[PDB]
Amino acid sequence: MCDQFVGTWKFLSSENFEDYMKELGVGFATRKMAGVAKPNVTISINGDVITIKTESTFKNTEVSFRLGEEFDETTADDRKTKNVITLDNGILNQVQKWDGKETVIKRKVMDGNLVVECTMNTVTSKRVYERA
């Protein structure tokens, strides 16, 4: 149980991410780039501010929030979102809303794997990173 969020993680595998992005409405080309990328995600904490830094990908991002507190974000595929992240039993639950629509991204540490599961409507993807 030193297996906590804080850290850097290296992409390992992916399942169904193509159809999850189709569901989000991401363009054919941006989907291409997202499916070849092998991102590194670094999560850090300072006081009560969490910073998720996504690197080694086609467009690097960085998002800082407090749990329970609404934030704005322009995503890598250029949506203008509203978000609320909360935490429960080790799982960070992110509800991201834009133009009437919603996706839920959940992240949980499993033995130095970070497992990120994204759902929108009917469609789920799982991505697995490993502790760099």
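Note that residue numbering begins at 1 and tracks the sequence as displayed.
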Subject >> Mean C-alpha B-factor comparison - 22-30 and 89-97, higher one >> reply: 22-30
Original post:
According to the deposited entry, which of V84, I52, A37, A76 has the largest Cα B-factor?
Top reply: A76
**OP:** Choose from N16, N121, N113, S13 the residue with the greatest Cα B-factor as stated in the PDB record.
**Re:** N121
Subject >> Lowest, middle or highest third - CA B-factor, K106 >> reply: lowest
Original post:
Is the Cα B-factor recorded for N46 in the lowest, middle or highest third of its chain?
Top reply: highest
**OP:** Report the third (lowest, middle or highest) to which the CA temperature factor of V128 belongs, ranking only the modelled residues of the same chain.
**Re:** lowest
